[PDB]
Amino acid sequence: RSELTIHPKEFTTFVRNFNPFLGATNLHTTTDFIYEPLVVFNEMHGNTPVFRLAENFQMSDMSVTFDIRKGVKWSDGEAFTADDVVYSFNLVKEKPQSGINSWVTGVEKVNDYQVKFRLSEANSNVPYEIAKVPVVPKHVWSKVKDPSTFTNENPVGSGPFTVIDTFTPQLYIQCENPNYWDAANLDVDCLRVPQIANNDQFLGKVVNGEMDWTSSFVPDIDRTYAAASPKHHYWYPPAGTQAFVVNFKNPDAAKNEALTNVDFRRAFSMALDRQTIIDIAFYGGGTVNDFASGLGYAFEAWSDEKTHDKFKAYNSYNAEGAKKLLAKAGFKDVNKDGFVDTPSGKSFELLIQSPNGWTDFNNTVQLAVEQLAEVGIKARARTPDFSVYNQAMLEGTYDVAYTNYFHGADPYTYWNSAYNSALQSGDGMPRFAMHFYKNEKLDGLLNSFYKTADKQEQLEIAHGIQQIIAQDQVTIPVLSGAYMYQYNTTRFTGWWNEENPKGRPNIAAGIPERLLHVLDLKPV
């Protein structure tokens, strides 16, 4: 039988948790692979909707109706009906997701193959959001203990791989669903998932040809990995923004004083050599992002160039100008250590964090630390475990953090996740908006992005968002990165690549297109 060796997320050890709602404790082969979505949007191809469990959807003259494919059965033989979708959306309406429920007011079963979704506000992006919610078996989950602390070790599933073949703390094997509706399109028998804690461990394995489908950072990829075998390939199409995020609500006076000063964020930004960061840390694998709004050149067409030009000096390498701005603002060194102190005369050191084992970001931070020291800003690096890293952002105890962002077909994915202040509160919230900068006009502009179908007005919305973020230098954007993807042609063929660019190729959870991707691979 064919086994596909994948690596969607680093772990020290595997805990048997296949619950789709628990995205902080589950295995990252649960969404898509076990619970197939209604629709997959091919974001690389203009969000073209690829229909799976749903046959179609129809916005009413305004709310949506989904039609659900017939003859579709769960893993245990029981049939997939509207009742299963109905029971699923119903369940998060009274037990909160991460997806966000701020868009759907209840659900009607209307037909055992048609479901009515009632809308809170009106949003043309709402099928994209509905697609994120996992549909679970009604005939199974309606039992359940506490649906919130429920490991799902033996999962009833709709997706391609539902059988747990093997399960050690360093290896688990996830095999073909017995009653899979698309099994005719499926030629991979099993997902084979090894436990890998960080990039150093990954690197030995990938260079030894032990992997099939991976998305980790690989330093000097052409020398280390590609040169080791003719079967060793990769394809890095462009992805989203990377930046230093600063905490506007730091609990230390001096640090708060520094971080909340726009002069100081702009001097911080100007000391950075973004091209050198790309060159050394990412081995050339990226593009300088000198948009103060973090827009990035892939969305250059969306850009109000007046705004970009106006603030780009603040987002270009200019240590001398960084030194002058610090002095004009009042960050004077008054204790003879060569490091500027706050206007009220306090010494400080910024602690800059990135996740343990994400060595590309670790190196970016260490590069920035030295760059900062050159213009007299004192900083130190920290590389905590992702969960610690993430937690420090959620509770606002960090100073400065290097982070990447998710990336969409337009700039809304980046701008909303990164700046909508409503995403600063909750408890299943991601790290992305946790600078705690807040602007009602910015939030209003974001909230109205998909409110009108006037492309011209949507574009004026973008320019208004761009201007607000840029003039306030809310973060320090550094670069635009790549979709890291490595593939082995030793055991399989049919891979997406530069010659076959059918969509986002990565294996990470959060890329629904990985389902469509595995449906193209054939054993060799």
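Numbering starts at 1 and follows the sequence shown.
In the deposited entry, the stretch joining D61 to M62 is interrupted by 1 to 3 residues of the deposited sequence lacking coordinates.
Counting the unmodelled positions of the deposited sequence between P96 and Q97 gives a small gap of 1 to 3 residues. Higher mean CA temperature factor between 139-147 and 406-414: 139-147, per the PDB entry. Look at the C-alpha B-factors of 100-108 and of 385-393. On average they run higher in 100-108. When the C-alpha B-factors of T214, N363, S120, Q170 are read from the PDB record, the largest value belongs to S120. Per the deposited record, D427 carries the highest C-alpha B-factor of all listed residues (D399, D427, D304, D200). Ranked by C-alpha B-factor against the other modelled residues of its chain, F89 falls in the highest third.
Among the modelled residues of the chain, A462 sits in the middle third by CA temperature factor in this PDB entry.
Annotation for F57: CA B-factor lies in the highest third of the chain's modelled residues.
Annotation for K73: CA B-factor lies in the highest third of the chain's modelled residues.
Placement of the Cα temperature factor of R266 within the chain: lowest third of the modelled residues, per the deposited record.
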